[PDB]
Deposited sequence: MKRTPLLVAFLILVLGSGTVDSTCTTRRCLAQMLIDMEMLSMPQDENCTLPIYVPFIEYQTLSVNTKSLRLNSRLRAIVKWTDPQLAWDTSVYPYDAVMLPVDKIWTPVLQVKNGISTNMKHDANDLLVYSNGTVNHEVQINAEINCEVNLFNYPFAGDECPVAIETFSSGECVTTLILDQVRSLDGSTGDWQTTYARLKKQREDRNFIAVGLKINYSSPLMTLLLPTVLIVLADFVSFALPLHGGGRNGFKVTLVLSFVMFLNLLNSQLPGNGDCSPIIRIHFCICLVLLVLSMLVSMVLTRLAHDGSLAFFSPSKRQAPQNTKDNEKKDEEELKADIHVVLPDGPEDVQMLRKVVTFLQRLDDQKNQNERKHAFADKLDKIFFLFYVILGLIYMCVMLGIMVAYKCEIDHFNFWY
């Protein structure tokens, strides 16, 4: 008649099979399921989530008589009775773990048990606009149901421990329904653009801006072609860095990969013409690629030196005119593309 004696009696029954007496239909109630994201992967688009629920079903066999046993509750080990296994069918690698080794059983057979579910969900989000991205990620909650025997799951409330897990920030977790009366949790994911804008977008804009004014450096004075080659080799690192944390899957892929690619060609073309124009300034034409006697003598030499100075001046100004013509065309075209490229990344 002791409460522990009552607990021992229920264990000796060994009711390790589900309560399927009533048409093999078990309504399992899961009120106040708590959601939390542990980490979100950007390259693999995988979301790791933790689900802490409070399962509550009915076990008719685990119900004693309140007259012989004057008690209203008793707690038994989880492995001595049947316990449902909640699953996340939408994602991969779902695992359910018992929060505690004991569960509460009431006098009428109702069983209270809390579980913790860790699952990895292959999240699909429109990453066309990195970093300005965000999409709803469905997380399904299901229990085994085969053929005639079905165990419907009833969800009541969802509370989310919202907070950034890194680059991604979780905004909400709402309860919705699927087509065939399937309960799933709609998780809202957003990217904090404070970090990607400063580390990737701003240096890219500043580097391209430095290239536009890099034409101010005179061709003869030097420090221009070497100045531009460092800018170009900096975008090669940007392409490798950017590609290491972004999925180039297919349609609606991140456009910043295309934007970086176009800038690399634009900077290479800018260096290409400057290198050619340097030869034009030094040589005067683009053919490298294609296959009283004493007092009068000094006057002849002095005018010859002046003519040598004059031909240097004229050959160094014709190349400047081509450089000025290209600079006007390049900066307008570059600024037009930069505004258009950025405008697509925020409003398309």
item	value
Sequence order list of spans that the model leaves without C-alpha positions, deposited numbering	1-24, 316-349, 407-417
